[PDB]
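Chemist: got a structure for you, letters missing:
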RNA sequence: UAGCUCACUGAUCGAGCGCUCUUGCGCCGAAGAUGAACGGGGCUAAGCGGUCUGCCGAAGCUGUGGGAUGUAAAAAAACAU
Ligand SMILES: [Mg+2]
Ligand SMILES: [Mg+2]
Ligand SMILES: [Mg+2]
Ligand SMILES: [Mg+2]
Ligand SMILES: [Mg+2]
Ligand SMILES: [Mg+2]
Ligand SMILES: [Mg+2]
Ligand SMILES: [Mg+2]
Ligand SMILES: [Mg+2]
Ligand SMILES: [Mg+2]
Ligand SMILES: [Mg+2]
Ligand SMILES: [Mg+2]
């Protein structure tokens, strides 16, 4: 069972997130955002990586 | 010739009715050659007028980002394109 666990792993349990979602306006489009997830948008002018 | 019948009149019946226009929408006039042939299915509105209010609808206008050309002679920032 150590071998058969190594080579055929069981699906791990899902990471915890809050049960919540929002609908937010960015660059005049509306996205549904759930926390922990990344989305694509219009360039935000004057935004730097790690902001 | 006769004969039938009409115009007109008396009577009966008891509440409307005559001849005129004129709008709107229809009917007939209207019939071809490969096969519904007029978008289709269908609809008495899901057709036609008139009025009220919602919505859909484009590469138009707005929103958020990039480019370029002209001002213009470095940029950057404007405006226009
Ligand atoms: Mg006769
Ligand atoms: Mg025929
Ligand atoms: Mg039709
Ligand atoms: Mg109408
Ligand atoms: Mg459009
Ligand atoms: Mg285009
Ligand atoms: Mg375009
Ligand atoms: Mg335009
Ligand atoms: Mg622009
Ligand atoms: Mg330029
Ligand atoms: Mg220029
Ligand atoms: Mg120049």
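Modeler: Done, it's in. Numbering: from 1, shown residues only, chains lettered A, B, ... in the order given. Ligands and ions are numbered 1, 2, ... in the order given.
Chemist: how about the residues of chain A by RNA strand B?
Modeler: Chain A has residues A:27-29, A:42-43, A:45 near RNA strand B, with proximity defined as Cβ under 7 Å from any atom of the strand. Where C-beta positions appear, they are placed from N, C-alpha and C, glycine not excepted.
Chemist: can you flag which of those belong to helices?
Modeler: Using DSSP state H, the subset of these located in helices is empty.
Chemist: which of these sit farthest apart?
Modeler: Greatest spatial distance among the residues of chain A next to RNA strand B (Cβ to Cβ): A:29 and A:45, at 16.0 Å.
Chemist: these two: which is more packed in?
Modeler: residue A:29 (9 against 5; other Cβ atoms under 10 Å).
Chemist: the more buried one contacts residue A:40, doesn't it?
Modeler: No. Counting by Cβ atoms under 8 Å, residue A:40 is not a contact partner of residue A:29; they are 10.4 Å apart.
Chemist: which element is the residue most central in space within chain A on?
Modeler: Nearest to the mean C-alpha position of chain A, by Cα atoms, centre = their mean, lies residue A:37 at 1.7 Å. For residue A:37, there is no helix or strand it lies in under DSSP states H and E.
Chemist: backbone dihedrals for it, please?
Modeler: phi -110, psi 150 (degrees, to the nearest 10).
Chemist: now do the contacts for it.
Modeler: Applying Cβ atoms under 8 Å, 6 or more residues apart in numbering to residue A:37 gives no contacts.
Chemist: break down chain A into its strands, ranges please.
Modeler: In chain A, the strands defined using DSSP state E lie at A:22-26, A:29-33.
Chemist: deepest of the ones you listed, which one?
Modeler: Sort the strands of chain A by mean neighbour count, taking mean count of other Cβ atoms under 10 Å, and strand A:29-33 sits at the top with a mean of 11.
Chemist: that strand pairs with which strands?
Modeler: Strand A:29-33 has the following strand partners under DSSP bridges: strand A:22-26 (antiparallel).
Chemist: what does the partner strand contact?
Modeler: A:30-33, A:41-42, A:44.
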